[PDB]
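Heads up: the sequence lines are chains A and B, in that order.
Going by full-length UniProt numbering, the first sequence opens with residue 59, and the numbers climb by one from there.
Going by full-length UniProt numbering, the second sequence opens with residue 20, and the numbers climb by one from there.
Don't be surprised by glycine CBs; every beta carbon is placed ideally from N, CA and C.
Single-structure report; data block below.
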Amino acid sequence: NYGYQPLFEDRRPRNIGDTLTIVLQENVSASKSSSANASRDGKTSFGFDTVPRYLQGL
Amino acid sequence: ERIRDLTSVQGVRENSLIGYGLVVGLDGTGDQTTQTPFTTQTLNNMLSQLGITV
């Protein structure tokens, strides 16, 4: 004797020892990315190629 | 019977209750269920509770 068994209810595990099918379908995909940058360029110049006479002391 | 027909007692009042359900046994005069997804969704919920998983 197996006890009350339903007639229209789906066949589910109910007690200890009942078997159940597991469809293993795992798909995990995690990602991360990052970046940082900095730049700085400078040029300076001053040339008195021909100095006038009133400014040759400076 | 005048005082009862004219007044009400403090704390003696009626509240309002609301709920959602399904009506079955109609002669083809129910929802189309293609434009009312909640009818089929709640029917499937009831079946899943009762032991049928569609």
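Run through chain B and tell me which residues come within less than 9 Å of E67/A, C-beta to C-beta.
Along the first sequence, read from residue 1 onward, the residue named residue 67/A stands at position 9. Neighbours of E67/A on chain B, chain order: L69, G70 and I71.
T55/B versus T61/B - alpha carbon distance
The residue you call residue 55/B lines up with position 36 of the second sequence. The residue you call residue 61/B lines up with position 42 of the second sequence. Using only the alpha carbons, I get a separation of about 11 Å.
Chain B within 9 Å of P71/A, Cβ atoms only:
On the first sequence, position 13 is the one that residue 71/A refers to. Not closer than 9 Å to any Cβ of chain B, the Cβ of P71/A fails to qualify, so no.
Taking the alpha helix (DSSP H) that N64/B falls in, what are its first and last residues?
Start at 1 with the first residue of the second sequence, and residue 64/B comes out as number 45. Element bounds for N64/B: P56 to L69.
Could you give the first and the last residue of the continuous alpha helix (DSSP H) run that contains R21/B?
Start at 1 with the first residue of the second sequence, and residue 21/B comes out as number 2. Residues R21 to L25.
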